[PDB]
Every structure is written in C-alpha cells, then in structure tokens.
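Peer 1: first chunk of the complex, coordinates as they sit in the assembly:
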Amino acid sequence: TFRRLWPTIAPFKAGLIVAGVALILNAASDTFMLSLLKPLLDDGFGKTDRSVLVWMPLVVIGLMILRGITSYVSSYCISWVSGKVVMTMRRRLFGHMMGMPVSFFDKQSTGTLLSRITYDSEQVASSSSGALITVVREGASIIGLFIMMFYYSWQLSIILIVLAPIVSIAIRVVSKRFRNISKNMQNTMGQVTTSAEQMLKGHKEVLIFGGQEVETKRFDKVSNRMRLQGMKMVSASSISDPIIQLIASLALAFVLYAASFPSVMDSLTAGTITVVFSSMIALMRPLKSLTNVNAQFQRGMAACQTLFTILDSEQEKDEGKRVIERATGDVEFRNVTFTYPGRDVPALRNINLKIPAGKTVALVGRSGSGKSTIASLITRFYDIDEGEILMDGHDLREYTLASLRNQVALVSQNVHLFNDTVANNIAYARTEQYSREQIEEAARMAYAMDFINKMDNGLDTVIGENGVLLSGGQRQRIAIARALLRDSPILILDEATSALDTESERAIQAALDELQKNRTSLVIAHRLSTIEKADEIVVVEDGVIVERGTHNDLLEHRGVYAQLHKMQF
C-alpha cells in the first residue's frame, strides 16, 4: 500500500490543490443549503409573507449555481490531474517495454497487454482521485454538518450524536441474533428438504410396488413439516424489522423527551430542529462513503502495483559496446544451444553453421520448428543461452544491441505496417537520414511504384488503420524496399508464399534477388524456386540440423531433404 508517484503528480500538485479549494466550497455550499432551512421555517411562512422569505428563493438557486460551478471546476481540475497522471505515467510505462525483451510479449500478454494497462491505469487514476474527491468532499461535508450541529441546538446536538452509537449497537446486535436464529431455521429446513428429495428419487421403486397413495400421504406429512419450518423462519425474520424500528422510534422518543426538561430551552426556538434532524440524515449519505476510502485507495494502489511491477521489470540485458557500420565478416554458429522459455525441449541444439559473406544459406522444414526462430537469435529477440554466434568474429553479446538491430533486416509478410506515411514508414527511424528520391528509387527496385501510383495521394498517403489497408503482397515489397534502403549487411527472409500473384510475386522474387545480389542472406523459404537458387541448404530436424549441403547433393543422397522435396509438391 506504500506508494510512490508523488513525484509524478508533483508538477500537477497545483492541479490537485485548485481542485480541493473548489471541493471545500462545494461542501460548504451543501452545508449552507441545509442551513437555509432555518429561515425557511422561523421566518418562512408564519410571519409576514415578505422580506426574508422572498430572499431565500433568490439565493438558493444561486447557491446551487455556485455548487454547479464547483461541480464543473472540481470535475475539470480532477480530470486535469488524472489524465495527466494517466499520460506521463503511461508514457513512462510505454518507455519501458521498448527496452523490455520479447518474452513477456510472447503469449503472456499479446493483446491483453494494452487492454490491461490502459484500463487499470485509468482505474488507478480514477480510484486515487476518487479517494481524494470523497475524503475531502464527503469529509468536508461531514465537518460542515458537524459545525452546523454545534451552531444550532448545542445541547440537542449532543444528545442527537449520543444516540447514534446506541442505535448502531442496537440494530447490529438484534440483527445478529435474528440472523443466527434464521441460520438455525435454514439448516432445519435443509434437513426437511433432504428428506423430501429422497421421496421422489425412487419413483421407479414406488411405481413397481404401486404405493402411490402411501407416497402421497408421506409427502403430505413432509410438506406440512416444510410449511411449518417455513412459517417459523418467516415469523422470525418478520419479527426482526419491527424490533429495530421500535428501538429507532425509542431513540426518537427520547429526542422528543429532551424538550421535556429545561436542558434544551431555546434550542427548540423555531422549526430549526428540522435542520438539526435533517442534517443528521444528511450526514448519513457522506458518512457511508467515508469507510470506502480505504476500499478505493487500496484498490487503486493495488492496481498500480500490478502495472508498477512492469515498471521495475528488468529490461533486456545490455552488455555490448562494440559498434559496426557494415559487418563484412561472416555470421556463424558453433555448438550453440538455446531453449525457448517455457519449453524444456531444446529449441536449438548444438549447431556449427557458418554463413559466408555474400552467399545464401537456407533452412527447410514442413513443420518449420527450429528454423522459425534460428534467425531470431541473430536478431536477438531472445538472449544467447549458450553458444558462440561470433558474428564478424565477435559475439552478439559483445556487440552493441542497437548496432545489432541496425545491421540486420527482417523481411516478412507478417510485417506490421506503421500508421505514419509510406514515405515515413519506408524510412522509419531514418527519415532525416535518407532522401525522398532515394525512397522513390527503392520503390522502383521493389516494384511498388505501380501500387503507390495507383493510390490517390501517392508517396505521402495513409496505410492501415486510419488508412487504406493495402494487400499483404504490397506490404512485402515495401519491406524489401526497406531492406534495400537500410542496405544492411544481413537480410532475413521467411518466404511463406501463401499465393503467387501474376507477375507481382515474380516481381517480389526479383526484388529479393536484387537484395541478395549483395549482402549476407538468411532464408527459411518454403518456396521451391528460392530453394533452387540457395547456395547452401541446412535442413532442420525440429531443433537441430539433420543434413548440410547443396540441394542438388541432398537430392542425390535422398536422406531427409529429398523426402520433404517430394512430399511438399
């Protein structure tokens, strides 16, 4: 329950104070409205039909109008706090998952991530701010009606507040006793019903033996017993309320008896006792809310604590400082072992695969297990559990993470296109780095220029949600253009060609040929033509390579590769 985030609201603390000054005014407005009942009876209608009686209708409206202004500015100030606390905190939260690993994204919260955080953070702000709005509005209201109690009918106010604990103990104790009696009646009635069900469970036996009249007689007796038990319980519960109301009326009668003795002469005065009495029930509304402050406050902090766990959750380990502009060296594997978190089976077994510079290496598999994540290690969405990916002679742990992400391109039809413009998406995070004519040329080599030309605005349009939803085949060639513009030494392809468009998928293949014309290339293609031009093929058995060699040699020696080659047709 111990809370930080006071520094977070510190720049907006003035917001909370300008809220609270209005809230105290709201409470005072309610107090003054209740106070106006005194002139509305003393000088209301018994005396002359003029003067004070005519000035209350002028002010009461205004009081409510004033209350309304409070109810506005209060609601304006609290929101002006809460939304800001929603923004920056969430912004700070959003500053975290970018440096956080893909693991907790991986099926722990894929879409329920935001559906959690944005909702429970809203609840955090709402509940904390509502604890603030209630502890002061309801609280200041309580102090207002209490000072009102002590302002009119001092002695009567003492007895009025004295009877409240007596009323409370009376109602609670009598309710507890009658609830205990009702609980006893409940178990007796349960016994009767338990007897009753056994009668009708065996209608088979009753039917074969034909004791229908006996069954009716026994059920009549049992139902009479059930009726009597029902009567007893309703009798007890019905005697419950008149006793509680009796004790309440006795408290009221004692209050009226207070007038009998001169302890309260001139506390009566006018019908001011209404102000005394109404205030008491007017106190009941805020008072009931007060005890819920810890119910709300805790909840908010509890919700915050949940998302607070995300805040201190350890980011990706960053133990790399080496920097590279163009890793001409070969990417490599050596006795490398990595396990998918949550899986005991090795997702990666000891592999000595080498990736020569400017040459292509391919993995093939019907299930896709193993090869679906082997390149991810070069990308380092997961840490190197064991092994040596000595990319350009140094490990990915040795090298700076940001540089590693720079040196690698990852092309796939599963691309998530960004809501920014296509000219910004293509040069995303690099719009200042690269020129517009370079972007256009990259579109030409990716052969997306036709689709951009067919689109109404051209190169500065809208793409996805709040956009046009261009087909995934186009999204692939934008990714290929992206890789071309980055011109990264390492490119990763997956080549899950669901369907081959007429001359457009061939254009995609031509663009990929341009991509692999230079650069180091990694592919897990399921497309036969891609396998044909693969310089070396390493087929994967779930979590390890079964055969290494060229597809022609692996066709000569059937092994496992040729089996998949024949079946995949």
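Peer 2: Perfect, I can see it now. Residues are numbered from 1 along each chain as shown, chains lettered A, B, ... in the order given.
Peer 1: Please make it C-alpha for all contacts and neighbour counts, starting now.
Peer 2: Will do.
Peer 1: Next, name the residue at the spatial heart of chain A.
Peer 2: With the centre of chain A defined as its mean C-alpha position, the nearest residue by CA atoms, centre = their mean is residue A:116, 1.3 Å away.
Peer 1: That one in helix, strand or coil?
Peer 2: The local conformation at residue A:116, judged by DSSP: H, G, I helix; E, B strand; the rest coil, is helix.
Peer 1: State the distance from residue A:290 to residue A:332.
Peer 2: 66 Å (CA to CA, to the nearest Å).
Peer 1: quick one on the thing from earlier: how about the contacts made by the residue nearest to the centre of chain A?
Peer 2: Contacts for residue A:116 (CA atoms under 8 Å, 6 or more residues apart in numbering) come out as none.
Peer 1: what does residue A:56 give?
Peer 2: By CA under 8 Å, 6+ apart, the residues touching residue A:56 are A:36, A:40.
Peer 1: Please report phi then psi for it.
Peer 2: phi -60, psi -50 (degrees, to the nearest 10).
Peer 1: Give me the packing partners of the longest helix along chain A, helices and strands only.
Peer 2: In chain A, with assignment by DSSP state H, the single longest helix is helix A:154-201. Contacts defined by 3 or more CA pairs under 8 Å, 6 or more residues apart in numbering; DSSP states H and E place helix A:154-201 against helix A:212-257.
Peer 1: buried stuff in stretch A:513-529?
Peer 2: The neighbour-count check on stretch A:513-529 (16 or more other CA atoms under 10 Å) flags A:515-516, A:518-527 as buried.
Peer 1: let me redo that: stretch A:228-248
Peer 2: Buried residues in stretch A:228-248, counting neighbours by 16+ other CA under 10 Å, are found at A:229, A:232-233, A:237, A:240, A:244, A:247-248.
Peer 1: where does residue A:269 land in three-state SS?
Peer 2: With three-state DSSP as the basis, residue A:269 sits in coil.
Peer 1: for it, what are its contacts?
Peer 2: Taking CA under 8 Å, 6+ apart as the contact definition, residue A:269 lies against nothing.
Peer 1: mind checking how far residue A:45 is from residue A:418?
Peer 2: On the measure of CA to CA, residue A:45 and residue A:418 end up 72 Å apart.
Peer 1: no wait, residue A:271
Peer 2: Counting by CA to CA, the gap from residue A:271 to residue A:418 is 71 Å.
Peer 1: what does residue A:217 give?
Peer 2: Taken as CA to CA, the span from residue A:217 to residue A:418 is 79 Å.
Peer 1: Also, this goes in as chain B:
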Amino acid sequence: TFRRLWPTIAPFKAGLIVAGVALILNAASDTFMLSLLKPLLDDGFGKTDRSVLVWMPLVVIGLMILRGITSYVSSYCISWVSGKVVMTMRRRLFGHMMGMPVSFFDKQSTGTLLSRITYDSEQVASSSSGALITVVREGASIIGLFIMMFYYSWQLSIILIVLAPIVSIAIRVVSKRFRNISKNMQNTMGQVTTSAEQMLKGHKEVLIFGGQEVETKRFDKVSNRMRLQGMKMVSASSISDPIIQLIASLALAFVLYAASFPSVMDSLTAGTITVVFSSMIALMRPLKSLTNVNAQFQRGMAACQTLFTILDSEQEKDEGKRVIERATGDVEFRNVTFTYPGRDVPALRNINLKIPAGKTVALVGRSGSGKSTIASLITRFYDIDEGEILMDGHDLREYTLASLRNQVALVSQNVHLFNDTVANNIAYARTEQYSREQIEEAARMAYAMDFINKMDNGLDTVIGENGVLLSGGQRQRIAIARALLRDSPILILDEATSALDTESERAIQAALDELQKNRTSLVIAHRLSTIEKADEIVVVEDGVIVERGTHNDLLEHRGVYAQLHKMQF
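Peer 2: The block that follows adds chain B to the chains above:
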C-alpha cells in the same frame, strides 16, 4: 400471462383478505406518522407550553407499536397464504408426477426437478405474495399521502404534482442528450485506442529497426490525443450533474416563489410545507416500487406456467383393463421392437423370447447399451412400440397398469429404501395386507435377521436417509425379503454382484434359490453360478439376440458366450 390459479386460493382467500386489511392498516399508520409530523412543527416546538408537545411522543411510539403489530400479522397471514398455496400445488403436481412416465424422469430433470418443486415453487409463492403486498400497501400509502397533502393544502399539492412531471421530462431529456454525446466521445475514444493497440503491435519490428525514439514521440502524440478525448468525455458527463441540479432547484425555487409571492396560498401557516415536501419524498419510494409490480407478477407467473406445463403433461397411457391375481401363464415375447426415446438405434429389435412358467431364463452378455431394456419392458416404464409382449395370453397394453405392477417384482442392488421403518419398508403399500409374523419369516428366508436383531429397536426402526444407512448388500437382502413377501409370479434380477461377502452373499444366493423354487424370472447375470443354474440362456448383441441356448450348448457353439467365459475365469 393468463392464470386460472383461483380455486387453489379459494379456501384460503380469508388469509388474503386479512392480509389486505393488515397492509392498509400499515399504510394508514405511515400516513398518520407523516401527519403527526405536522403538530411537531406547528406547536410542538415553537410555543412555550410543551404539554401539547409531550402528547406527541406517546402517539408516535403507540403508532409504532401499531405498525409493528400490523407488520407482524401481515407477514403471518401472507406467509400462511403462500405456504398453503405452495403446499397444495406441490401436492397436486406430485400426484401428477406419480403418473408421469419414466421418460420425464429419465434425465429430463433429475436434479433440476428438485429445483422445480422447491426453488421455483417457492419463487412462485413469494413473487405472488410480494406482488400483492406491493400493490395493496404501496398503492394505499400513495392514496394516503395524496389525500394527506390535499388535506393540508388544496393548492400546494396541486402545484407540486404539476411540476413533478415537468421535472421528469427535463431530467429525462437532458440525460438522454448527454448520454448520446457521451457515446459519441466514447466511439472517438475507441478510435484512438484502436490506434494505440496498432501502435504497440509491432514492438518486434520497432526493435529490429530501432525506432524507439520515434515510437516514443508517436505514442506521446496519441497519448495526448487520448487525454484530450478523455478530458472532453469527462467534461461532457460532468456538465450533466449541474444541469439536473439546476432544473430541480428551479422547480423548488418556483414552488417557494409562487407559493409566497402574492396570496394564492394564504394558508401555509407553519411547517406544513415540510409535511407536504417530506410526504412527496416518501411518496417517491412506493411510486418506484409500483412500477415493478407488473415485472414481479410476470416473473412469478412465468414460474407458475413453468410448473404448470409439468403439471398438465400427459400421464402414462392407461388403456389397459384386464385383471389377474396370479398369472400362471407363460409370459412371452413375439417380434417386439422398442426404442428408448432418444437415439434412433433400436434399443430392442423384433425378438421372440419365451419365458416358461416355473423355469428361469437368463439374459446374458456385457451389453451396456440395452441390458436393462428388457427388464424395463416388463413393468411398462416405457411403452411398447411394436409386436406382442404377451402376459398370460394378453398384451401388457391390455392389462391393468396397477395389476401388472402388482404381478411383477424387480430386485437389484441399486434400490431406493424408503425413509420409514424397516417393517414399513418390507411391507410398503402392504402394511394392512400382511402380518408382522409373515415379515419375520420373510426376514428369516432373506437371512437379514442377523442384521435386524443387531439394530437397536428391531424391525421397526429408521433405516434410510436420516437413518442407520444400511449397506447396499443389506438393502439387497431387504429387497429379496420384499420379493418373497409379494410372492409375485414374475421377478427380475439385476444381480450386479461386484463383491461377494463371506457367507452373507452365499445366504443371498440361498434366498435367490428360495425365489427360484418357482416364480419364473428373467435374470440379468453377472454371476457364473446363477448362469449355471439358469434353465435357459439367451444372449443379446445390444438390440437383438446373438444366441439362445444352454451355456453348455454355447460351449459347443462358442459365439459370444465363450468370450464372456474368458473374463469369468
């Protein structure tokens, strides 16, 4: 929505009318208390002489005694009426339930039937009771307060009742328009959230492209837009409350101002204004309750119809009237086809079993999908779809239902013992017919005497639920005693041996031999010795016979019986 339901209540309409007078007395008590509020403000507190005041606490405490007694008698009589109707309706529907076929009891409602005859029956009674209580009491209170404010003011009541509906239309229209605007801001907030999840889907892409800074800037922009929309939505919702408060305050201000601006009232001498206003406030509650009277009536009456359809459901067909005291004829089967209501596969295919008198037939086979069918056809638990099941030269359809059930016995380990004495259990529906000495002899042959003398009081003690809980084998002994006492010509044995007690199950087979002296029986066999003792054996595939011959003849022709002999070893 239509009910008849009145002859059920007709002998108990006295209860409802006494309840009605009780509830009108309660409402009049509440009205008189709100009336006694008048002298309090008028002369109780303002004037010096409180001798007039001290009269009032006596009147209010006495009125509360009166109200408590009225509530008590109200609850007593309404509970009387409810318990009587649920009692008589449960008895009637149970009488119909005896006549219901087993198909209704064949899992159509096995635990939900208990729900029907207890929970929804009580809901029927309680809902009708609450509907009547609500209409008479709240309506009477409404008329009481109406005449009360008309009494203390011809015109103040009129003005209040005319500005009430204007308050209603004002609050309704402002709430409707503001709710529509709130929904508009809601869908805009939904749009920006759509942008939010689309923004955070591709964290994988963001990481490989390293656009964390631009990602942070863009999320800052969308978060700012979301905060602005939140500010707009909360401002719009907040601006509601001062508007309704303003219109309500204008209504109150108009009340006071018009009532005191000229002399159109001329009669508001005292806190009678407080009386009328408090009575309107206390009128708001029963007015709200009256709206739900139709809802409660409809709920309870739908429950009534739910139980009604159970009540007026077609009983077992009873078009058989032939009678017999003791059928020596050979009960036989002739091309009889029968299916359970359910799966279309025939539970019984056209078959021609013959059961000679005196001789015992044994239905054999594991089956599991029809073993208990042929037992069930004897007792007409389900109607015969086709062919002739002939009982002494007359079909089961021809013979009287009660007579046929008399002529047949059904012994099984799975048997419902009645919650009555052991002497009553043995002679259930036969107490007057047989003698206790005969019961003792039947106990001797059943060999439960060793366990009946064990029991403390003897043959006249509770055995079932809320009883000794005698074990299942002991229930089988009492069942065989019942079979002996009935001495019916036909008897069915289920004979799920499960385990064989030492010298007690042997005595159970001795009792079975006492049965097998005569009284032809079709026995379901899981007992090799009883299989050997069978005069004739007939196997069942599931819907039709596999073979029909003695177990030695089925050792000659193996068929299916030898496969059972494999598991009997």
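Peer 1: back to the buried residues of stretch A:228-248, now that we've got chain B?
Peer 2: By 16 or more other CA atoms under 10 Å in any protein chain shown, the buried positions in stretch A:228-248 come out as A:229-248.
Peer 1: Intersect these with the contacts of chain B.
Peer 2: Contacts with chain B within the buried residues of stretch A:228-248, as defined by CA under 8 Å from any CA of the partner chain: A:230-231, A:234-235, A:238-239, A:242-243, A:245-246.
Peer 1: Please compute how far the helix or strand following the longest helix of chain A lies from its chain's middle.
Peer 2: Next helix or strand after helix A:154-201 toward the C-terminus (DSSP states H and E): helix A:203-209. Centroid separation for helix A:203-209 versus its chain: 59 Å, with CA atoms, centre = their mean, to the nearest Å.
Peer 1: dump the residue contacts of residue A:464.
Peer 2: A:417-419, A:470 (CA atoms under 8 Å, 6 or more residues apart in numbering or on different chains).
Peer 1: hmm, I was thinking of residue A:453
Peer 2: residue A:459.
Peer 1: hang on, it in a helix?
Peer 2: Yes - under three-state DSSP, residue A:453 sits within a helix.
Peer 1: any idea how far chain B is from it?
Peer 2: Separation of residue A:453 from chain B (CA to the nearest CA, to the nearest Å) stands at 26 Å.
Peer 1: gap between that residue and residue A:512?
Peer 2: Distance of residue A:453 to residue A:512, computed by CA to CA: 22 Å.
Peer 1: what about the residue nearest to the centre of chain A, distance to chain B?
Peer 2: Residue A:116 sits 11 Å away from chain B, going by CA to the nearest CA.
Peer 1: Could you do residue A:141 as well?
Peer 2: Counting by CA to the nearest CA - residue A:141 and chain B are separated by 18 Å.
Peer 1: Just give the number of residues close to that residue.
Peer 2: Around residue A:141 there are 27 other residues, counting by other CA atoms under 10 Å in any protein chain shown.
Peer 1: what's near enough to touch it?
Peer 2: By CA under 8 Å, 6+ apart, the contact set of residue A:141 is A:24, A:27-28, A:30-31, A:283, A:286.
Peer 1: For the closest residue to residue A:346 other than its chain neighbours, list the residues it contacts.
Peer 2: Nearest residue to residue A:346 in three dimensions, chain neighbours excluded: residue A:339, at 4.6 Å (CA to CA, 6 or more residues apart in numbering or on different chains). Counting by CA under 8 Å, 6+ apart, residue A:339 makes contact with A:345-348, A:385.
Peer 1: Let's see if you can find the most crowded of the residues you listed.
Peer 2: residue A:348 (24 neighbours).
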